[PDB]
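Below is one structure, written out as structure tokens; comments come after it.
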Amino acid sequence: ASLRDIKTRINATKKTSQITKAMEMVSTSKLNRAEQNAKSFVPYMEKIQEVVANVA
Amino acid sequence: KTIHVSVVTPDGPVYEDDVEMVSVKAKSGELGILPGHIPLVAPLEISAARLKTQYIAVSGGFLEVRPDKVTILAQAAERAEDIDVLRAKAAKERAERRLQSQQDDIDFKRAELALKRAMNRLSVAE
């Protein structure tokens with residue numbers, strides 16, 4: 001059933017698979033840096049939380 | 001004896017060492033801190049922190065001193081020992097920050113144009 005149309009549809013969805021895989025990899029790297037920012041923020045939050053606790 | 005200083009920002013730790021005299025100034029006035037000090041909390045004014053030497057300019061800023069925990073919670077803590085260098089660093093980092101805020105958005109929209117054309121060709125292929 002339109003062998004050429006099937007093969008063009010196969011190549012188009014392979015291209016979308018490649019693009020969404022690249023975007024998955026970019027979001028893995030950005031997730032790594034976002035959890036690095038969270039673990040760099042955490043000692044400030046621990047210290048200000050214990051100061052607010054002891055004062056208030 | 002020495003006391004352990006650690007100036008802490010929300011972005012991360014800036015300075016951490018063992019300093020004999022800490023000469024921060026509060027909203028009321030000066031404070032000269034030695035090891036064995038009483039536990040006290042005092043908000044810091046927008047000025048340098050005199051550590052005896054390396055001077056640390058803090059912005060926002062809040063001090064709590066225990067006899068080993070004289071740490072400083074600052075919203076913005078420079079290093080270059082001058083009251084206006086934090087303002088110059090903020091003027092530079094605002095520029096770098098909106099350059100990054102535009103770079104991230106245009107990179108996402110380029111990748112999304114690639115995805116939208118690649119799914120256009122899938123929908124046209126039928």
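Note: ideal-geometry Cβ built from the backbone for every residue, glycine included; neighbour counts use all protein chains shown. None of the figures in this text is laboratory data; all of them are computed from the coordinates on show.
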Inset, instruction - Mind checking which of B:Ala111, A:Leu31, B:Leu122 is farthest towards the positive end of the protein assembly as shown's charge dipole, using Cβ charges of +1 (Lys, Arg) and -1 (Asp, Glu) about the Cα centre? - result: B:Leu122
Legend entry - Partner chain coverage, peptide A:8-15 - average Cβ within 10 angstrom: 5
Inset, instruction - Please report, in Å, the Rg and the Dmax of segment B:84-126, where both are computed over Cα atoms only. - result: 18.6, 63
Legend entry - FRET efficiency, 1/(1 + (r/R0)^6) with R0 30 Å, evaluated for B:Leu113 and A:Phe41 via beta carbons: 0.35
Legend entry - Pairs of alpha carbons in segment B:1-70 whose separation is greater than 18 Å (percent): 28 percent
Legend entry - Theoretical ellipticity at 222 nm over chain B - DSSP helices of four or more residues, -39500 (n - 2.57) apiece, nearest 500: -12000 deg cm²/dmol
Legend entry - Hypothetical label at A:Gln49: residues of segment B:55-73 whose amide nitrogen lies under 18 Å (7 Å Cα-Cβ projection): B:73
Legend entry - Eligible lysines near A:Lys21 by straight Cα distance, threshold 25 Å, same-chain separation 8 or greater: A:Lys7, A:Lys30, B:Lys109, B:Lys116
Legend entry - Computed over the protein assembly as shown, Cα set: Rg, Dmax in Å: 26.1, 87
Inset, instruction - Using only Cα atoms, tell me the angle between helix A:3-55 and the longest principal axis of chain A; keep it within 0 to 90° and round to the nearest 10. - result: 0 degrees
Inset, instruction - Enter the Cα centre distance for the pair segment B:71-126 and segment A:10-56, rounded to the nearest angstrom. - result: 15 Å
Legend entry - Angstrom value of the Kirkwood radius, inverse mean 1/r, which spans all Cα pairs in chain B: 17.2 Å
